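Asks: CSV, C-alpha atoms, file target-v6.csv:
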```
chain,number,residue,atom,x,y,z
A,77,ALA,CA,142.2,81.0,19.1
A,78,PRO,CA,141.0,83.6,21.7
A,79,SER,CA,141.7,81.2,24.6
A,80,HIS,CA,145.4,81.4,24.0
A,81,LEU,CA,145.7,85.1,24.5
A,82,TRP,CA,143.6,85.0,27.7
A,83,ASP,CA,145.7,82.3,29.3
A,84,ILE,CA,148.7,84.7,29.5
A,85,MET,CA,146.9,87.2,31.7
A,86,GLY,CA,145.2,84.4,33.6
A,87,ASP,CA,148.1,84.0,36.0
A,88,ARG,CA,147.3,87.0,38.2
A,89,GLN,CA,143.5,86.7,37.8
A,90,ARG,CA,143.3,83.0,38.8
A,91,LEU,CA,146.1,81.9,41.1
A,92,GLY,CA,145.8,85.0,43.3
A,93,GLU,CA,142.7,85.6,45.3
A,94,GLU,CA,140.7,88.6,44.1
A,95,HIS,CA,137.4,87.5,42.4
A,96,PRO,CA,136.2,85.1,45.1
A,97,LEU,CA,134.2,87.9,46.8
A,98,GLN,CA,131.0,87.4,48.8
A,99,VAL,CA,128.4,89.8,47.5
A,100,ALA,CA,125.8,91.3,50.0
A,101,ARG,CA,123.7,94.3,50.5
A,102,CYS,CA,124.8,97.1,52.8
A,103,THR,CA,122.5,98.4,55.5
A,104,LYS,CA,123.9,101.0,57.9
A,105,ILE,CA,126.6,103.5,57.1
A,106,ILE,CA,128.6,105.0,59.9
A,107,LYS,CA,131.0,107.7,58.9
A,144,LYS,CA,131.6,100.5,60.6
A,145,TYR,CA,129.3,99.2,57.9
A,146,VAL,CA,126.6,96.7,58.8
A,147,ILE,CA,126.0,94.3,55.9
A,148,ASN,CA,123.7,91.3,55.8
A,149,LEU,CA,124.8,88.3,53.7
A,150,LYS,CA,122.6,86.0,51.5
A,151,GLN,CA,122.9,83.4,54.3
A,152,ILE,CA,121.4,85.9,56.7
A,153,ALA,CA,124.6,86.8,58.5
A,154,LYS,CA,125.4,90.3,59.8
A,155,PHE,CA,128.9,91.7,60.2
A,156,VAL,CA,130.9,94.9,60.3
A,157,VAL,CA,133.5,96.2,57.7
A,158,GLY,CA,135.1,99.3,56.3
A,159,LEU,CA,136.5,100.8,53.2
A,160,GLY,CA,139.3,99.3,51.1
A,161,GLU,CA,142.5,100.5,49.4
A,162,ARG,CA,141.1,101.9,46.1
A,163,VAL,CA,137.5,102.0,47.5
A,164,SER,CA,136.1,105.6,47.5
A,165,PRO,CA,134.1,106.8,50.5
A,166,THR,CA,131.4,108.3,48.3
A,167,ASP,CA,130.8,105.1,46.3
A,168,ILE,CA,129.2,103.1,49.2
A,169,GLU,CA,125.5,104.0,49.4
A,170,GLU,CA,122.6,102.7,51.5
A,171,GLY,CA,120.9,99.6,50.1
A,172,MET,CA,123.6,98.6,47.6
A,173,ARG,CA,125.1,95.2,46.8
A,174,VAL,CA,128.8,95.3,48.0
A,175,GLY,CA,131.1,92.3,47.4
A,176,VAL,CA,133.4,91.5,50.2
A,177,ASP,CA,136.1,88.8,50.7
A,178,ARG,CA,135.0,85.5,52.2
A,179,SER,CA,138.0,85.0,54.4
A,180,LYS,CA,138.5,88.5,55.8
A,181,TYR,CA,135.5,90.6,55.0
A,182,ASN,CA,136.4,93.9,53.4
A,183,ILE,CA,134.9,96.2,50.8
A,184,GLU,CA,136.5,95.7,47.4
A,185,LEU,CA,134.2,96.7,44.5
A,186,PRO,CA,130.7,98.2,44.4
A,187,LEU,CA,127.9,96.6,42.3
A,188,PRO,CA,124.7,98.0,40.9
A,189,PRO,CA,121.7,97.2,43.1
A,190,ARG,CA,118.7,95.0,42.3
A,191,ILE,CA,120.6,92.0,41.0
A,192,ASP,CA,117.9,89.4,41.8
A,193,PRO,CA,115.3,89.9,39.1
A,194,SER,CA,116.1,88.1,35.8
A,195,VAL,CA,112.8,88.9,34.2
A,196,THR,CA,113.2,92.5,33.1
A,197,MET,CA,116.4,91.7,31.2
A,198,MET,CA,114.4,90.1,28.4
A,199,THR,CA,111.7,92.8,28.4
A,200,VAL,CA,114.0,95.3,26.5
A,201,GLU,CA,113.9,94.8,22.7
A,202,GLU,CA,116.2,96.3,20.1
A,203,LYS,CA,115.5,97.8,16.6
A,204,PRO,CA,111.8,97.0,16.0
A,205,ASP,CA,111.0,96.0,12.4
A,206,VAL,CA,108.0,98.4,12.2
A,207,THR,CA,109.2,101.8,11.0
A,208,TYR,CA,107.6,105.3,11.5
A,209,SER,CA,106.3,105.4,7.9
A,210,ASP,CA,104.5,102.1,8.3
A,211,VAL,CA,101.5,103.8,9.9
A,212,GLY,CA,99.1,104.9,7.2
A,213,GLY,CA,96.7,107.8,7.1
A,214,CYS,CA,97.0,111.6,7.5
A,215,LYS,CA,94.7,111.6,10.6
A,216,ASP,CA,95.4,113.0,14.1
A,217,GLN,CA,96.6,109.7,15.7
A,218,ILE,CA,100.1,110.3,14.5
A,219,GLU,CA,101.0,113.9,15.1
A,220,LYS,CA,99.5,113.9,18.6
A,221,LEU,CA,101.8,111.0,19.8
A,222,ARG,CA,105.1,112.4,18.4
A,223,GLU,CA,104.6,115.8,20.0
A,224,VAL,CA,104.1,114.4,23.6
A,225,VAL,CA,106.8,111.7,23.2
A,226,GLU,CA,109.3,112.3,20.3
A,227,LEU,CA,109.3,116.1,20.6
A,228,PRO,CA,110.6,116.4,24.2
A,229,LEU,CA,113.2,113.7,23.5
A,230,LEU,CA,114.5,115.2,20.3
A,231,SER,CA,114.1,118.9,21.1
A,232,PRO,CA,113.9,119.3,24.9
A,233,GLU,CA,114.7,123.0,24.6
A,234,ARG,CA,111.6,123.8,22.5
B,41,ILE,CA,155.1,117.8,107.7
B,42,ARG,CA,157.3,117.2,104.7
B,43,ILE,CA,156.7,113.4,105.0
B,44,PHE,CA,152.9,113.7,104.5
B,45,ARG,CA,153.4,116.0,101.5
B,46,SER,CA,156.1,113.7,99.9
B,47,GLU,CA,153.8,110.6,99.8
B,48,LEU,CA,151.0,112.5,98.1
B,49,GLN,CA,153.5,114.0,95.6
B,50,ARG,CA,154.9,110.6,94.7
B,51,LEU,CA,151.3,109.2,94.4
B,52,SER,CA,150.7,111.2,91.2
B,53,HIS,CA,154.1,110.0,89.9
B,54,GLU,CA,153.2,106.3,90.6
B,55,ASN,CA,149.8,106.9,88.9
B,56,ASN,CA,151.5,108.2,85.8
B,57,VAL,CA,153.8,105.1,85.6
B,58,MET,CA,150.8,102.8,85.9
B,59,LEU,CA,148.9,105.1,83.4
B,60,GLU,CA,151.5,104.2,80.7
B,61,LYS,CA,150.7,100.6,81.2
B,62,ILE,CA,147.0,101.4,80.8
B,63,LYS,CA,147.7,103.3,77.6
B,64,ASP,CA,149.8,100.4,76.4
B,65,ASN,CA,146.9,98.1,77.2
B,66,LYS,CA,144.5,100.3,75.3
B,67,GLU,CA,146.8,100.2,72.3
B,68,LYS,CA,146.7,96.4,72.5
B,69,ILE,CA,142.9,96.6,72.6
B,70,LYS,CA,142.8,98.9,69.6
B,71,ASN,CA,145.2,96.4,67.9
B,72,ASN,CA,142.8,93.6,68.9
B,73,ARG,CA,139.9,95.6,67.4
B,74,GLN,CA,139.8,95.2,63.6
B,75,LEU,CA,136.7,96.1,61.5
B,76,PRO,CA,135.7,92.5,60.4
B,77,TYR,CA,133.7,91.2,63.3
B,78,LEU,CA,130.3,89.5,63.4
B,79,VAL,CA,126.9,90.5,64.9
B,80,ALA,CA,125.0,88.3,67.3
B,81,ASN,CA,121.7,88.5,69.0
B,82,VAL,CA,121.7,88.8,72.8
B,83,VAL,CA,119.7,86.0,74.5
B,84,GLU,CA,119.9,86.7,78.2
B,85,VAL,CA,121.9,89.2,80.3
```
Output the file's structure in the form of structure tokens.

Replies:
Amino acid sequence: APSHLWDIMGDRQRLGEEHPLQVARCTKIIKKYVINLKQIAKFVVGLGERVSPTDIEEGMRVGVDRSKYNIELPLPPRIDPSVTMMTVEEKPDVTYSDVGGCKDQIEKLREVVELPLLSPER
Amino acid sequence: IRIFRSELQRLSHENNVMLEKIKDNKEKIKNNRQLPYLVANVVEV
């Protein structure tokens, strides 16, 4: 069912050449941009049509076209590691009231952690 | 006297005519220079 609606807009996003971009990390910024590919190939490029001059930063993955190299869209850096994506959990089962006892191992932790996050202006 | 000064006066005019050809060649060079080039390592000069 969802595949039928995506085939209508798939004319401009497939037949035309946009997505086939070669992603690489930028090195030098001259305001000429020296960028090294994943195949260890250095070249020179410049901004695009909708590309902003303040978006390009040093040490950032920047996708460029494979035929005629030009900056198209910026990408967040550090794309190589896949390990830390699984290190983030969501909604732990243990609640705050699961810790028993009135002793000082509770209140001391919430004041140095939960207090500055909930009330930073205190 | 006027002959010696006429050749030097036309010399600057002939240089300006050839200068337009140099400016047109520089425009062709600037047209031949487009950002996507490649970087190579110099071996021997």

Asks: Residues of chain B within 6 Å of chain A, counting all atoms listed in the file - could you list those as a PyMOL selection string?

Replies: chain B and resi 75-79

Asks: When you draw a straight line from atom CA of residue A:171 to atom CA of residue A:200, how long is it in Å?

Replies: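 Distance between the two atoms: 25.0 Å.
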
Asks: How far is it from atom CA of residue A:204 to atom CA of residue A:190, in Å with one decimal?

Replies: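 Atom CA of residue A:190 lies at a distance of 27.3 Å from atom CA of residue A:204.
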
Asks: How far is it from atom CA of residue A:86 to atom CA of residue A:185, in Å with one decimal?

Replies: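 We find that atom CA of residue A:86 and atom CA of residue A:185 lie 19.8 Å from each other.
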
Asks: With only C-alpha atoms as the basis for distance, which of A:99, A:169, A:220, A:231 is at the shortest distance from residue A:192?

Replies: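 The shortest atom-to-atom distance to residue A:192 comes from A:99.
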
Asks: Pick from A:193, A:226, A:165, A:88: nearest to residue A:208, with all atoms listed in the file counted?

Replies: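 Selected residue with least distance to residue A:208: A:226.
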
Asks: Would you list the contacts of residue A:100 as a ChimeraX atom specification, taking every protein, DNA or RNA residue within 9 Å and counting all atoms listed in the file, but skipping same-chain residues closer than 6 positions in sequence?

Replies: /A:147-150,172-176
